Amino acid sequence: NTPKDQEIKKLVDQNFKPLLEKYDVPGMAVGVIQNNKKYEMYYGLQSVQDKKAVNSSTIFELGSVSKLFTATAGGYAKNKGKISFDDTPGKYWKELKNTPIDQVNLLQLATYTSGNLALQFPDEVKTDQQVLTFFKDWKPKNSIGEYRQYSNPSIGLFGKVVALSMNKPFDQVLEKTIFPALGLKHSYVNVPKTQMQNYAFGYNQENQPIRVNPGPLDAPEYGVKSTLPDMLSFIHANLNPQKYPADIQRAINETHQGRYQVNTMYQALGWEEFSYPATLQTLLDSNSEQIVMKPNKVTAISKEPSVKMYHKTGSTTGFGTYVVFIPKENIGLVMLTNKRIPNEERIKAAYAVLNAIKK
């Protein structure tokens, strides 16, 4: 006798709402999409000092979830014939021709297997020439293609190459091509002055207000800011690629194609992929120190799972994000917070909610 919207709201209250007090989080948005129906749940404040409530207009930083848009842009360029994933970056960034990095192909950059790229660029790498110099001064370590080391500069370089192949800056690739194609109208790389009233403050571990600062290749690495409705629309696109033109549909499918495995995790383009149903510990393993912070041998796909799911965590200094979707259940979930909470808690709460929602 309890409507579905209330049943979903109860589950989110039971599993996500307690994190607000536990981690002193000022604001949170949680969205679920099931069978094309959308459910939006907002908690707390987008700005504590302004007493401004989180709502459908609130803009949050997506952190590494931004890489999903980078991956989509790459799949688009690839299916338009502008790039091949077997190309090397010096084909597009001419100053990298005949450098060591020009031995690494685009898929290997996008999926973190160059063998010598760390989590972040060096702190001192700021300007555009310093980014080029960094890649000019790059030398291999581990054999190329053998080891996955999660890396922002790696997929950042992929994004820069994608932009070069489309003859537009990367921010324009998203704002002029990819976001319009996905029907996202409240998503930005650069939030305009006329929308700053909707840009949440982020909050650091001392609950002090902050927002993301500029950095090298920030746009393809962590540059996107979006709202909960827009993120539900992005999940909807991933659940129903067949509702988009050939180019964007094929781009989305590109991002869903598993490329290799590390144990139970399939590395797709941007997305991490798993056999469904996935155990909680499979999903937690994807965010372990061993997988996130250390290099791991990759293995070829053995089981190509017919029934699968996908997820991605992302953070900035002041924000947390988690997105997950299960195609054959026609369901997905987005969590946005304006303070970081542990990845494990995001994964656990979403697992509890999605598994309890009535089919």
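Residue numbers run from 1 along the displayed sequence.
- Stretch with the greater mean C-alpha B-factor as recorded in the entry, comparing 260 to 268 against 170 to 178: According to the PDB entry, the answer is 170 to 178.
- Would you mind comparing 114 to 122 and 223 to 231 for me and telling me which has the higher average C-alpha temperature factor in the entry? Between 223 to 231 and 114 to 122, it is 114 to 122 that shows the higher mean C-alpha B-factor.
- Query: Whose CA atom has the top B-factor in the entry, of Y92, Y150, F201, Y276?
  - Reply: By C-alpha B-factor in the record, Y92 ranks first.
- Message: According to the Cα B-factor stored in this entry, which of the following is highest: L239, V189, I252, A77?
- Response: Among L239, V189, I252, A77, the PDB entry lists the largest C-alpha B-factor for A77.
- Task: Going by the recorded CA B-factors, say which third of the chain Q197 sits in, lowest, middle or highest.
- Result: Within its chain, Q197 is a middle-third residue by C-alpha B-factor, going by the deposited values.
- Message: What third of the chain does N35 rank in for C-alpha temperature factor, lowest, middle or highest?
- Response: Highest third.
- Comparing against every modelled residue in the chain, figure out the third that the C-alpha B-factor of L109 lands in (lowest, middle or highest). Tercile = middle for this residue's CA B-factor.
- Message: Based on the deposited C-alpha B factors for this chain, I'd like to know if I210 is in the lowest, middle or highest third.
- Response: For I210, whose C-alpha B-factor we compare with every modelled residue in the chain, the answer is the middle third.
- Task: Would you mind ranking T282 by its C-alpha B-factor against the rest of the chain and naming the third, lowest, middle or highest?
- Result: Lowest third - that is where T282 ends up once the chain's C-alpha B-factors are sorted.
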